[PDB]
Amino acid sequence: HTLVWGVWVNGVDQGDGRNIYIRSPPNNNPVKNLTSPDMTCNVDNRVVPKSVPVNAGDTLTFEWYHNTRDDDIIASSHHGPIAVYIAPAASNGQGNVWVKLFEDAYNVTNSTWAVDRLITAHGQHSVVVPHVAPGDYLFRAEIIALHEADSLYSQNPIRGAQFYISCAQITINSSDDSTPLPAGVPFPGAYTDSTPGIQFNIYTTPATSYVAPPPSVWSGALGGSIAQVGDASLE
């Protein structure tokens, strides 16, 4: 159970974005139905009044929280991967538009899931803004909590993978457009019951075996991190 508070741009807090530049849902409950329209941008997908200005090459940091800013972020039980996707805003997230910019899943090197790292990072994870066309975009940050994912939601709706989805409105101002954005995948649609990484037993299946759901990270993506970029208590 987690939500996006706001974003940082090059280590500068853009302030509370909830219902402002984040298409915030009403609460922190997961999406679970893989065919749901709610897979696009969560349960209240609508235009919000502000879009955060960035330039290509900026570090854009999403900041998550549980109940209040800079709290426990997400329950530690919620082990799973983190991904970020981009789509042109005019799409409203519809059709074959979502391009993956970032994936972290299980990290053998230090025996962490992405979610574990997110908690350590005070809810903060980042992407480099890609060299796409100037204009308005949706950045879709997605946490998959796997603690109940040994069952399919379609078999038992009390369980299943849990999707914490947040769409931020981002305006890319300066960009040389050296990596034009291609068509992408649909949400809903890209994840199905058989997709790798949707049905997974963290209790009995080795985490080193986990494969995150496709699609693969786009060739144009410039990277990211899961790491604190600024101290929210420093304000």
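All residue numbers are counted from 1 along the displayed sequence.
**Q** Which is higher in the entry, the mean Cα B factor of 91-99 or that of 106-114?
**A** Comparing 106-114 with 91-99, the higher mean C-alpha B-factor belongs to 106-114.
**Q** Which has the higher mean CA temperature factor in the PDB entry, 68-76 or 81-89?
**A** On average, C-alpha B-factors are higher across 68-76.
**Q** Have a look at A183, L60, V31, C167 and flag the one whose Cα has the highest B-factor in the entry.
**A** Answer, based on the entry's C-alpha B-factors: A183.
**Q** Relative to the other modelled residues of the same chain, rank the CA B-factor of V12 and answer lowest, middle or highest third.
**A** According to the entry, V12 has a C-alpha B-factor in the chain's highest third.
**Q** Split into thirds by Cα B-factor across the chain's modelled residues, where does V211 land: lowest, middle or highest?
**A** As the PDB entry reports it, the C-alpha B-factor of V211 lands in the highest third of its chain.
**Q** How does the C-alpha B factor of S178 compare with the rest of the chain: lowest, middle or highest third?
**A** Highest third of the chain for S178's C-alpha B-factor.
**Q** Lowest, middle or highest third: where is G223 by C-alpha B factor in its chain?
**A** According to the entry, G223 has a C-alpha B-factor in the chain's middle third.
**Q** If you rank the chain by CA B-factor, which third does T35 end up in: lowest, middle or highest?
**A** As the PDB entry reports it, the C-alpha B-factor of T35 lands in the middle third of its chain.
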